[PDB]
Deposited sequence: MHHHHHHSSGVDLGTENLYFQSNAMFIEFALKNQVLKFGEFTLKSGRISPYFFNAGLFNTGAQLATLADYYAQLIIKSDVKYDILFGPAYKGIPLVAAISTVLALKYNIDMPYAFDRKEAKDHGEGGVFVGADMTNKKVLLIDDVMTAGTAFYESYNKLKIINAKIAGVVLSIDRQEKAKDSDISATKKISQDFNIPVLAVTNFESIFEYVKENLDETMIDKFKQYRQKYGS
């Protein structure tokens, strides 16, 4: 079982809560996208607990090897607190956690340890590099990255996630991604929306 199971349940949860939207949106890069995703709209505890559970399941199923959950400031902090809590209470996995600030670190000591970097999105490699350099100083190694979404689109001729993955030789995983959203669209939505997705991928996908 080398693959993760595509997650239609998560997509329905994102849709119901306005985190994932379909239509026509102008992104910061100026690109006209047929979907928009903003996990920042999850703002009540039941939403956070559910999101955290989706992250926990992915971390468990990936079987990635790490010692400490690392949440970079600012989005990684509440995620790691919530994920650590869910891992313990729902899955009996008691994991150490650590945070940094924008003491440089707090929580479990990461010196000479392998950590799993948890964050919302990775549109550029800047944030990753910020963490990598801070952690290197204390001989801490990033064993992998877990995100809410991987848009799988060019940053450069490749995505910022693919570049990190290749250059650092670690898994960069995500709760959902363009492929999963596109499969949801093909199986549920009308032909015009389906074609918008196809054209978008043809132009910006990778």
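Judged by missing C-alpha atoms, the gaps in the deposited chain sequence fall at residues 1-16, 119-126, 180-181, listed in sequence order.
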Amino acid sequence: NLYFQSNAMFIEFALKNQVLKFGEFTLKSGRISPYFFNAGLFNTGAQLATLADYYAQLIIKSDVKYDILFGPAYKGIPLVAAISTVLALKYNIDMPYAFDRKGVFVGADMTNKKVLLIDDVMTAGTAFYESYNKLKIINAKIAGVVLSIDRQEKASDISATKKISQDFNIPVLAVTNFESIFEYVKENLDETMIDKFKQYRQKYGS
From here on, numbers count along this sequence of modelled residues.
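Looking at 175-183 and 28-36 together, the entry lists the larger mean B-factor for 28-36, computed on C-alpha atoms. When the mean C-alpha temperature factors of 70-78 and 105-113 are read from the deposited coordinates, 105-113 comes out higher. The entry lists C-alpha B-factors for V145, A155, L58, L51, and the highest of these is at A155. Reading the B-factor column for the CA atoms of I118, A88, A98, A127 in the entry, the top value corresponds to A127. In this PDB entry, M122 carries a Cα temperature factor that places it within the highest third of its chain's modelled residues. When the modelled residues of the chain are ordered by C-alpha B-factor, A46 sits in the lowest third. The PDB entry assigns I194 a C-alpha temperature factor belonging to the middle third of its chain's modelled residues. In the PDB entry, a CA B factor belonging to the middle third of its chain's modelled residues is recorded for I170. In this PDB entry, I93 carries a Cα temperature factor that places it within the middle third of its chain's modelled residues.
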